[PDB]
Amino acid sequence: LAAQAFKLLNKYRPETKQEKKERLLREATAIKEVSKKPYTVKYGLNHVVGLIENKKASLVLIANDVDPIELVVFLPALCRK
Amino acid sequence: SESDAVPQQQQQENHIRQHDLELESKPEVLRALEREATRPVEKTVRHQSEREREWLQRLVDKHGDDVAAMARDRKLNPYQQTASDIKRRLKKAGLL
Amino acid sequence: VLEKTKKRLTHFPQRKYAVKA
Amino acid sequence: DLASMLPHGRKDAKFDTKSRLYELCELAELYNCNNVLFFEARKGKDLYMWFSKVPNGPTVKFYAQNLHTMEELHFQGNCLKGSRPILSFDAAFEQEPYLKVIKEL
Amino acid sequence: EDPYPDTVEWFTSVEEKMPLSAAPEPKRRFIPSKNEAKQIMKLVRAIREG
Amino acid sequence: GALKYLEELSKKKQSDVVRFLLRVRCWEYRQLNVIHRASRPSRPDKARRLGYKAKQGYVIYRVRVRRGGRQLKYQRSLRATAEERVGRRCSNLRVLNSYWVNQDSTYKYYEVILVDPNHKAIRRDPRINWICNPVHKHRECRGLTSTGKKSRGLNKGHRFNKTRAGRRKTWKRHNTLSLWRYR
Amino acid sequence: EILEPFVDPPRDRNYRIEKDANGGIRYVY
Amino acid sequence: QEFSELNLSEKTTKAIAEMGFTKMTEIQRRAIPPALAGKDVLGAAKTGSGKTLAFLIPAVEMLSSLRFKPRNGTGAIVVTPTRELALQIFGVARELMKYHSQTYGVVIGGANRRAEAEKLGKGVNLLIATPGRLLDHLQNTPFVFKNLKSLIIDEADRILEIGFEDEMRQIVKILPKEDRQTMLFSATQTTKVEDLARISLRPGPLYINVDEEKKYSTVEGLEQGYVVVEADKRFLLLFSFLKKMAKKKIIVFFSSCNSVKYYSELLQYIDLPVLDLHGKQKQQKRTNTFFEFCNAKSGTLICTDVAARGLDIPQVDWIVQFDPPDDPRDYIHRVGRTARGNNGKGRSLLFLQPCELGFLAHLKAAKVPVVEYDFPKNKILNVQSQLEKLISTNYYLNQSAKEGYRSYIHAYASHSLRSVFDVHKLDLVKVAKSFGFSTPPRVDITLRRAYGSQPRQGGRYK
Amino acid sequence: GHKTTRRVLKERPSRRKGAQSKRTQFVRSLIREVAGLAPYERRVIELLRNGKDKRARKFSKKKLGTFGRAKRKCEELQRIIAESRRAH
RNA sequence: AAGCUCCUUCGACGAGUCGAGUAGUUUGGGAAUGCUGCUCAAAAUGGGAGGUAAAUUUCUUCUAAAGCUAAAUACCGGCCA
RNA sequence: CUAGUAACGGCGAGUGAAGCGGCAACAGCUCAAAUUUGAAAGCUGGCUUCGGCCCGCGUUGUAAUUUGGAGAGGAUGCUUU
């Protein structure tokens, strides 16, 4: 299950800073001499929690080793509800 | 007559101008300051960017003057702006 | 200065005024 | 002093003023008690004294003043704690009906 | 008494069908990125100036 | 919303999960030094609402101080002395605030948010360059932190007549003899 | 029991009820 | 007469001219003169005969004549039993006083109570209210209503039926009485309507009965229709019906104006021409669209049950009833006839849900014959992927769908025939899927004694 | 009493400081379920289940310090017991 | 980028902290005047403080437990005059 | 000024404020609590021909928006850089 999930998520990895700067240069040059919405793996505790509350998340993958554990304790129950 | 008996009726002369006031023998300095405040000043009209102008020009070259279709078009209006906004920008661009 | 304070001062600065006698 | 005199008395502490005077009745229902002696202070100066029968019985409110408690070294007397006392009442207490219900309470 | 009792799901047993928020979605969640528009404009100014 | 979920979880302190976490942690802190640096804050919600930012220049320092009394009672708080000791260790920093993390029966544990005033990020950012200013040296020693204000009674009302705007300054103002020129 | 065509089908106490001294309503517990 | 001979203000006369009304109806003819004279009036009138203008003219006339401002207060209050009726009166109000300087507002059940409180505190001179929310505001929110000069009650029979007797009794008690002009309209004259008249109207009111005693009664000659479909495919039925019988005449009755506008613009995107008629359109263009549909041989038009009431239905091949009727009785008896009119022969259809079989039970009781219509899961079209894409992509469709869904849920919850159309049996996931949502939007469905406790004997409460 | 025309003032959000936040209630209930109960709350639950309502209220008053606090704690715990029963 | 306006949409506000008990100290101030120590330890149409005998605890007035901020004020010390 | 008043005191020695009112001076604001999520947009270094290049910090949250006599979001039409 971990391998299959990570295969899909690697298909949907976000972009590196070098890649984003490279794209921005592409459009800057194109303007110097109309796109579809990006799809990305959402990360960030507050962002993911808000997505769960507003029921836009289709899948949640939660790390098992967070240092102040309180930051993820409510997450399984929240997802269940 | 105060039909409703409201005190602010003998006081009159829901949006108001927010940046100025529509305001309506004697000392030299007072007259000088009054004429200095009343002197007519230039306004420096704001321009539209070249990309904004070409955007509006493409909109008009495709649809003409039908602002409903210009607003509903997704290819030429990526930002899903309203017909009233597009019409205002056309008028301020000077091409109806 | 903060950007919000900069905007507030840009759009609503201290104006010159005189009051008659 | 009154609670020391009363051997069938449960002493309780401060009662919320923003609460309800019948929230007092269910408080008395907690301690299986059919009589309530309620002390209510106003401005921290003036006492008000309530005598009540908790379930349905009548209640009476008095304004309490002129208070010289014990522990005052001019009484020269003392008595047993909890002994059954002799209750002395008045002809007015027997004649006026409101004084009669006060006497019963 | 049970020193370590099992948890009874008295609240998460009921699945709610609606988001917690009734707030409206902003326009920017449906239109392209104004921030990248601004960044690309800054880059175009830099390219034009050399 | 995780911050608010943690706020409620920290409101419930004798709950089973919070109690287990607090026990295991008091063991950890007691095995560590009396004053030692924290990287991540243990209660991120409390740190955020007290003013902690994940910037370069913000540090946490956790401290344990012995509890009890001197029958005499110390007028400043155990939190105040913990703040003062943390600042004395990190003399080059400014004590922004502190918060409670654990109690124990022998000690009391606090985490102190400290800000570096000589850091370029802190100096560039407003809303913290005020603590970069030099009038804010050793706020914990002068009683200018939240504990200091609580102990000094800096509240408005008729119950704080003697203590607002300075107890000793008010005493001097009331016990000074004013003699005008034309009496 | 659908009597009329399109109208709706028409559909503890710890106290007893007595009268007050002022001709009012009284609850006896 | 007409409208000019009557001495009205120039602003209101020009506004009516822009609306496009020239010759008045009977209720207007007999109701405007005494209302402007100031006489308290009761009217036995039908809905759709022009009574909306008949009572909205004098209120605006007097508000403009004695110069209200938002700081003055509340002014004229008209109370109506249905959300869609409130919306119709509000649209008529905007189109009537688009030139005046007064303010108009609608406060209805199911809406945002805090937003309505803000509206009322800001100030509305022409308030249009549903009785329950109106009473809640008059008891709880702080707003100025001391300068209340005009009170209008619309469809008191429908109000007292729903069940707002106690509520109305408190509105007339709270609202001020001195120099107040009241305008009470009803279709029936029951004892409750009489009690209202006595409690509200001043002694000796002026009566206007523009009703017709020769009312035609229905017989065993009514044939009705039912298509039992799940909640998540009602729009798929509507789309398949319309696209297949594009060449016939179809009139579709919805529940709410927001639903009408959402489906109109959505069907524009999904590329099938439909004519539109709701409360947000101008009266002139609404009349033009109705006229062109009535004269055109083929087409499909969508409107609300209230519009169906207020308009004269032409000869039409298929009357589709999509959302549950406001007044169930009238649909099974009145509009069933309108379907078969003149020398022609029309057909009827009630979209029905597996949670609403009590409707079929009520029909057996009413002994009117009914024919069901199977639909082949093969001939159902599937445009759900395109629908979800459009709703998730275009922002305007998103708001339209949200408003239509909210209005549909509110109407379903506030429907009178609760035993049949109870909201708690709906599946909100399926309803939102039909409207085009992968997840349902957030909506509010709803919108022993103390020991020793004794009754409420006086005090300084407020 | 100087007769002055009273004015209707607008609603104040500071006066609206009363908490009717549905999301806050949701968060509180979920955190209650996740975290569990204190030892004194567990004793109150035991008393509430075995029927010693008066003992539960008195114990809650002793632990908290106010009759209203005891009443609200007992009501919260009783509704928790009812929710647990229904969920089972 | 910004101010206003309007509304069939929303509107998150600080916990070992309040509070109860107790000891010390302090204040003109046992509704504890404030502070600190120890035990127990909260709420959400909530909480704090006042008014009220007026019939129940009605009414009034503010939002604590995060933070910044010049001037009017002190000044036997510093640079002077 | 209130005022040696209220208040606490063997109602000893005594202790001892504050609201109002006149004046001086006046100035208001920042965070935590919301998802930028159609794009961490933020920032520390050190390499520089100075124009921009990389190391990193940071999603356990750095920018922008907002701080409850508020505000957000849409719409709308004027007004300001």
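We place every Cβ from the backbone using ideal geometry, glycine too, and count neighbours over all the protein chains shown. Just so it is clear, none of the values below were taken in a lab; they were calculated from the coordinates.
Once backbone amide H atoms are built at 1.01 Å from N, H:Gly346 has H:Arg340, H:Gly341 as its partners under 5 Å, excluding neighbours fewer than 5 places away on the same chain. Exceeding 30 Å between C-alpha atoms, which entries from my cross-link table qualify? They are H:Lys149/I:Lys3; B:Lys43/E:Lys27; H:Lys243/H:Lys430; A:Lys37/H:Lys119; F:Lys11/I:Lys10. Beyond 30 Å between Cα atoms: B:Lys43/E:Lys27; A:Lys37/H:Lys119; F:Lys11/I:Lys10. Computed from the alpha carbon atoms alone, the convex hull of the range H:183-286 holds 244 Å³ per residue. Going from the fewest other Cβ atoms within 10 Å to the most, the residues D:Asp90, H:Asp211 appear in the order D:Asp90, H:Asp211. Placing a label point 7 Å from the Cα of A:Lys21 along the Cα-to-Cβ direction, none of the residues of the range F:120-161 has a backbone N under 12 Å of that point. Rounded to two decimals, the Cα-based Rg/Rh of the range H:327-369, with Kirkwood Rh, is 1.01.
The convex hull defined by the C-alpha atoms of the range H:242-339 has an orientation-averaged projected area of 5.9 nm². Charge dipole of chain F (Cα centre as origin; +1 on each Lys and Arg Cβ, -1 on each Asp and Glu Cβ, all else neutral): 1020 debye, rounded to the nearest 20. Considering every Cα-Cα pair within the range D:13-105, what fraction, in whole percent, is farther apart than 14 Å? More than 14 Å apart: 76 percent of the Cα pairs in the range D:13-105. Applying a DSSP loop filter and a limit of 10 other Cβ atoms within 10 Å to the GluC sites (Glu not before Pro) in the range E:15-50 leaves E:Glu15. Shown here for the range D:66-105: trypsin sites (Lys or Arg not before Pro) in loop regions (DSSP other than H, G, I, E, B) with at most 13 other Cβ atoms within 10 Å, namely D:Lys81. Available extension along the chain between H:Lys364 and H:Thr191 is 59.3 nm, counting 0.36 nm per residue and deducting the alpha carbon span.
Panel note: the C-alpha atoms of chain B, placed on their principal axes, show extents of 65, 46, 19 Å (largest first).
For the range H:90-185, GluC sites (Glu not before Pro) are listed when DSSP marks them as loop and at most 10 other Cβ atoms sit within 10 Å of their Cβ; the list is H:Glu178. Between the residues F:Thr145, F:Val17, F:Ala47, the greatest Cα displacement towards the positive end of the dipole of the range F:1-146, with unit charges on the Cβ of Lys, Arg, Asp and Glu, is found for F:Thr145.
Just name one of E:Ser13, E:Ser33, E:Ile47: the one whose Cα is farthest towards the positive end of the charge dipole of chain E (beta-carbon charges, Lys/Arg +1, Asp/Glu -1). About the Cα centre, the residue reaching furthest to the positive side is E:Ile47. Pair-distance distribution P(r) for the range F:91-131, from all Cα-Cα distances in 10 Å bins starting at 0: 27, 38, 22, 12, 1 percent. On a 0 to 90° scale, report how tilted helix I:22-35 is relative to the longest principal axis of chain I, with both axes built from alpha carbons and the result rounded to the nearest 10. On a 0 to 90 degree scale, this one is about 20.
As a ratio to 2.2 N^0.38 Å, the alpha-carbon radius of gyration for the range H:1-99 is 1.05.
Taking the square roots of 5 times each eigenvalue of the Cα gyration tensor of chain E, largest first, gives ellipsoid semi-axes of 54, 18, 6 Å.
Each listed q (0.14, 0.35 Å⁻¹) maps to a log10 I(q)/I(0) for the range A:1-40, found by the Debye formula over equal Cα scatterers with no solvent: -0.48, -1.06. For the range H:332-425, the dipole from Cβ point charges (+1 on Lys and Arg, -1 on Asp and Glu) about the Cα centre works out to 400 debye, to the nearest 20. If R0 equals 35 Å, the separation of the Cβ atoms of H:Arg334 and H:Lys379 corresponds to a calculated FRET efficiency of about 0.65.
The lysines within cross-link reach of B:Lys26, meaning a Cα-to-Cα straight distance under 28 Å and a gap of 8 or more places when in the same chain, are C:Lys16, C:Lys20. Only the Cβ atoms of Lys and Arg (+1) and of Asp and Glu (-1) were treated as charged; on that basis the dipole of the range H:247-345 about its Cα centre amounts to roughly 340 debye.
Computed over the Cα atoms of the range I:24-65, the ratio of the radius of gyration to the Kirkwood radius (Rg/Rh) comes to 1.07. Each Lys or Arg adds one and each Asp or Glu takes one away; over the other residues whose Cβ falls under 15 Å from the Cβ of H:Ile174, this sums to +3. Relative to the longest principal axis of the Cα atoms of chain I, the long axis of helix I:53-64 lies at roughly 70 degrees. Scattering from the protein assembly as shown was approximated by placing one identical point on each alpha carbon and applying the Debye formula without solvent; log10 I(q)/I(0) at 0.06 1/Å stands at -0.78.
Bridging of A:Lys55 to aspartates and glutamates at a Cα separation below 20 Å is possible for E:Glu15, E:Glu16, E:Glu25, H:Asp232, H:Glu388, H:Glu403, H:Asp427, H:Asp444, once same-chain residues fewer than 8 apart are set aside. Take the Cα of D:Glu104, step 7 Å toward its Cβ, do the same at A:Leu59, and the gap between the two points is 7.9 nm. Counting every other Cβ atom within 10 Å of each residue's Cβ, H:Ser416, H:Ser259 order from fewest to most as H:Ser416, H:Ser259.
Over chain H, the ratio between the Cα radius of gyration and 2.2 N^0.38 Å evaluates to 1.02.
What spacing in nm lies between the two simple spin-label points modelled at E:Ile47 and H:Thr439, each 7 Å away from Cα in the Cβ direction? With each label point 7 Å from Cα toward Cβ, the separation is 3.8 nm.
Our summary of shape: the Cα atoms of the range H:285-403 have principal axis extents of 47, 38, 28 Å, ordered from largest down, in whole angstrom. Starting from a Cα-only point model with no solvent, please compute log10 I(q)/I(0) by Debye for the range H:109-210 at q = 0.10, 0.12, 0.18 1/Å. Reported log10 I(q)/I(0), two decimals: -0.29, -0.42, -0.92. If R0 is taken as 25 Å, the Cβ-Cβ distance between I:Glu76 and D:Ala41 corresponds to a FRET efficiency of 0.20.
Note on F:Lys172: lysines with a C-alpha under 16 Å away, same-chain residues under 8 apart excluded, are F:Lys162. Put a dot 7 Å past the Cα of A:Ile31, heading toward its Cβ, do the same for H:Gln1, and the two dots end up 6.5 nm apart. Our coupling estimate for the range B:37-49, obtained by passing each phi through the Karplus curve with A = 6.51, B = -1.76, C = 1.60 and θ = phi - 60°, is 6, 8, 4, x, 10, 6, 9, 6, 5, 8, 8, 9, 4 Hz, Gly and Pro reported as x. Arranged from fewest to most other beta-carbon atoms within 10 Å of their beta carbon, F:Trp100, E:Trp10, F:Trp130, F:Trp27 become F:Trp130, F:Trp27, F:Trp100, E:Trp10.
Note that chain A, at 37 °C in a medium of 0.692 mPa s, gets a Stokes-Einstein diffusion coefficient of 210 µm²/s from its Kirkwood radius over C-alpha pairs.
Close amide H partners of H:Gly299, meaning residues 5 or more places away or on another chain with modelled amide H under 5 Å apart, are H:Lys248, H:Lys249, H:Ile250. Legend: calculated FRET efficiency, D:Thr17 to G:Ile17, from the Cβ-Cβ distance at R0 = 35 Å, rounded to 0.05, equals 0.70.
Anisotropy class assigned to the range F:79-177 is oblate, per the alpha carbon gyration tensor with a/c at or over the 1.5 cut-off and a/b no larger than b/c.
Note on chain F: percent of Cα-Cα distances in each 10 Å bin, starting at 0 and stopping at the bin with the largest distance, equals 8, 29, 32, 20, 7, 3, 1, 0.
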